[PDB]
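These are the residues of each chain, in order.
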Amino acid sequence: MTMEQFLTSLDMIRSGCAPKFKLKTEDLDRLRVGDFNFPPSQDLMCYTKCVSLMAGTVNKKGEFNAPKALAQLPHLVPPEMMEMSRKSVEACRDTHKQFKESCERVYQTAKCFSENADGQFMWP
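In the PDB archive, X-ray crystallography is given as the structure determination method for this entry, at a resolution of 1.49 Å.

Structure below.
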């Protein structure tokens, strides 16, 4: 995947998940630039789960699968973003173990990715 294809993919992924929830555009805009520094609604957390289920990086219980995510990366991000992503997978692989509810598990993992990101982080 090229950078151009990646950027466009963000919108396509969103379109498959956003209609399932009641979401604020301002909240989506913030996640899009990797700003997870605000309290999320349950809907927003579950939206992150929907996006991650589409990526194949989590199961329906919201458990993050590090090996599968590593294997999926070439199908999710451009070469330019692989190392940052590999590094975040590793730093955030166990975040889900601190939470029991599936949407929260995924949201907190995504938040970790955004904080651990050593470059710009973008969420669909």
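Engineer: Any chance you could break down the nonpolar core for me, citing the residues and the numbers?
Structural biologist: Within the largest apolar cluster, 34 residues are counted, with the highest numbers of intra-cluster contacts made by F36, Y47, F64 and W123. Those elements that place two or more of their residues in this core are α1 (3-17), α2 (25-32), α3 (42-55), α4 (66-72), α5 (79-92) and α6 (102-116). Residues contacting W123, with those up to four places away along its chain left out, are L10, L31, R32, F36, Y47, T48, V51, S52 and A110.

Engineer: Outline the UniProt feature "disulfide bond" in the chain, supporting the account with residue identities and numerical values.
Structural biologist: The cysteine pair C46 and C103, annotated by UniProt as disulfide-bonded, shows a sulfur separation of 2.1 Å, below the 2.5 Å cut-off, so the bond is present here. Here the residue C46 occupies a position in helix α3, and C103 occupies one in helix α6, the gap between them amounting to 57 residues. Note on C46: relative accessible area 16%, which makes it buried. Residue classification places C103 among the buried residues on the basis of a relative accessible area of 4%. Disulfide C92/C112 (UniProt): S-S 2.0 Å, present in this structure. Placement of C92 in helix α5 and of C112 in helix α6 is noted, with a sequence separation of 20 residues between them. Judged by relative accessible area, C92 falls into the buried class, the value being 0%.

Engineer: Quick one: what's the story with the environment of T48, residue by residue and with numbers?
Structural biologist: With respect to the helices and strands, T48 occurs in helix α3. Take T48: its relative accessible area is 0%, and that puts it in the buried class. Note: C-alpha distance between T48 and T109 (61 residues apart in sequence) is 9.5 Å. If sequence neighbours within four positions are ignored, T48 has contacts with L31, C103, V106, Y107 and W123. Of note is the side chain of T48, whose polar atom sits 3.4 Å from the backbone nitrogen of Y107.

Engineer: Now, about the state of the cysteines: what can you tell me, with residues and values included?
Structural biologist: Under the defined criterion, the tally for this structure stands at three disulfides. Two residues share a disulfide in this structure: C17 and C50, whose sulfurs sit 2.1 Å from each other. Where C17 bonds to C50 through sulfur, the torsion about that S-S bond is close to -85°, and the disulfide is left-handed. Highlighted residues: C17 in helix α1 and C50 in helix α3, separated in sequence by 33 residues. Each member of the pair, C17 as well as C50, is classed as buried. Residue pairing for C46: its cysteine sulfur links by disulfide to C103, the two sulfurs lying 2.1 Å apart.

Engineer: An account of the packing of aromatic side chains is requested, with residue identities and associated values reported.
Structural biologist: The final tally for this structure, using the stated rule, is six aromatic pairs. Aromatic pair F36 and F121: ring centres 6.4 Å apart, planes at 50°, arrangement tilted. You can see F36 sitting in the loop between α2 and α3 and its partner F121 sitting in the segment after α6, a full 85 residues away along the chain. For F36, a relative accessible area of 1% gives the class buried. Consider the rings of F113 and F121, whose centres lie 6.4 Å apart with planes at 65°: the pair is edge-to-face. By relative accessible area, which is 14% here, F121 ends up buried. Three or more aromatic residues link up through ring pairs in this structure, and these residues are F36, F64, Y107, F113, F121 and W123. Stacked on the ring of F38, the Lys or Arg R30 has its end atom at 3.7 Å from the ring centre.

Criteria and thresholds
- Residues numbered from 1 in each chain as written, not as in the entry; some residues may be left out.
- Heavy atoms only, no water.
- Core = buried A, V, L, I, M, F, W, Y, C linked by side-chain atoms within 4.5 Å.
- Buried < 20%, exposed > 50% of the residue type's maximum accessible area, 1.4 Å probe, protein only.
- Helix = DSSP H or I, 4+ residues; strand = E, 2+ residues; numbered from the N terminus.
- Contact = heavy atoms within 4.5 Å.
- Disulfide = S-S within 2.5 Å.
- UniProt positions renumbered as here; feature names shortened; annotations may be inferred.
- Polar contact = N/O pair within 3.5 Å; in protein donor to acceptor, adjacent residues only side chain to side chain.
- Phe/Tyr/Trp six-rings, centres within 6.5 Å; stacked < 30°, edge-to-face > 60°.
- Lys NZ or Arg CZ within 6 Å of the ring centre and 35° of its normal.

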